[PDB]
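Each chain is listed here by its residues.
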Amino acid sequence: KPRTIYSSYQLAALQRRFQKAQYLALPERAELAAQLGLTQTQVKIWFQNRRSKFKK
Amino acid sequence: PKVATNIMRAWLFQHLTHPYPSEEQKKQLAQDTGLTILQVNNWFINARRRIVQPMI
DNA sequence: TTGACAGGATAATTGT
DNA sequence: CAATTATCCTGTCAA
């Protein structure tokens, strides 16, 4: 909180990454985000944001 | 509505980049101009696009 | 030539 | 991990 715009691009480097990998831990998170600037807990959520819609 | 605005805009150089005002900081910008707190978020999110958007 | 509400999308909260 | 509560962003027209 608040909503925190991520939100330039940034993004859909993930949308295939989700298609690649619905899992990751810490070790990637540097180049994964430190070259991108944003914090840890900003996106530990973001798979969990997208384990729905649907995902029946 | 008149001059319930340039107050809003004259400071806006402060959070031009980051319209992520604090939830109670809406108040010190609200009541000083006031009116329904719901109407005030709306005015600051119906102007991101009026300009600056074409200014790119 | 600018300001109100419903709609459909989204990011945090949070504790059995 | 599912369920929540807080968000703006657009997308429907109006004095």
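X-ray crystallography is the method the PDB entry lists for this structure, together with a resolution of 3.5000 Å.

A.B. asks: Please provide a residue-by-residue account of the protein's contact with DNA strand D, values included.
C.D. replies: Every residue lining DNA strand D is accounted for by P2, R3, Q48 and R51 of chain A together with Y20, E23, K26, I45, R48 and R49 of chain B. At 2.7 Å from a phosphate oxygen of DNA strand D is found a side-chain nitrogen or oxygen belonging to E23 of chain B. One of the side-chain N or O atoms of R48 of chain B is found 2.5 Å from a phosphate oxygen in DNA strand D.

A.B. asks: Give me the lowdown on the protein's contact with DNA strand C, citing residues and values where you can.
C.D. replies: All residues adjacent to DNA strand C are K1, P2, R3, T4, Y6, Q42, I45, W46, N49 and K53 of chain A together with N46 of chain B. When atoms of DNA strand C within 4 Å of the protein are split into backbone and base, the sugar-phosphate part holds 60%. In the environment of DNA strand C, a sugar or linking oxygen lies 3.3 Å from a nitrogen or oxygen atom belonging to the side chain of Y6 of chain A. A distance of 2.9 Å separates a base nitrogen of DNA strand C from a polar side-chain atom of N46 of chain B. Partitioned by chemical class, the residues of the surface near DNA strand C number four nonpolar, four polar and three charged.

A.B. asks: Any details on the pattern of salt bridges? Residues and values, ideally.
C.D. replies: Side chains bearing opposite charge may pair, as long as their charged atoms lie close to each other. A complete count under the given rule lists two salt bridges over all chains for this structure. Across the pair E28 of chain A and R17 of chain A runs a salt bridge whose closest N-O atoms are separated by 2.8 Å. Here the residue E28 of chain A occupies a position in the loop between α1 (15–20) and α2 (29–34), and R17 of chain A occupies one in helix α1, the gap between them amounting to eleven residues. Overall, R17 of chain A belongs to the partly exposed group, its relative accessible area being 29%. Of the charged contacts in the structure, one is a salt bridge between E23 of chain B and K26 of chain B, with a shortest N-O distance of 2.2 Å. Overall, the relative accessible area of 60% leaves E23 of chain B in the exposed class. When its relative accessible area of 18% is taken as the criterion, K26 of chain B is described as buried.

A.B. asks: Outline unusual backbone geometry, supporting the account with residue identities and numerical values.
C.D. replies: The general pattern is negative phi for most residues beyond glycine and trans for most peptide bonds. Cis peptide bonds are those with omega within 30 degrees of zero, and the linkage from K1 of chain A to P2 of chain A qualifies with 0°. Tracing the chain through its elements places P2 of chain A in the segment before α1. With an omega of -5°, the peptide bond between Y9 of chain A and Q10 of chain A qualifies as cis. Within the secondary structure, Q10 of chain A sits in the segment before α1. Although it is not a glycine, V3 of chain B adopts a positive phi angle of roughly 60°. Along the chain, the position of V3 of chain B falls in the segment before α1 (6–10). One non-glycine residue with positive phi stands out, namely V52 of chain B, at about 60°. With respect to the helices, strands and loops of the structure, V52 of chain B is situated in the segment after α3 (37–43).

The rules behind these values
Residues numbered from 1 in each chain as written, not as in the entry; some residues may be left out. Chains lettered and ligands numbered in written order. Heavy atoms only, no water. Near = heavy atom within 4 Å. Polar contact = N/O pair within 3.5 Å; in protein donor to acceptor, adjacent residues only side chain to side chain. Nonpolar A, V, L, I, M, F, W, Y, C, P; charged D, E, K, R; others polar. Salt bridge = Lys/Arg side-chain N within 4 Å of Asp/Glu carboxyl O. Helix = DSSP H or I, 4+ residues; strand = E, 2+ residues; numbered from the N terminus. Buried < 20%, exposed > 50% of the residue type's maximum accessible area, 1.4 Å probe, protein only.

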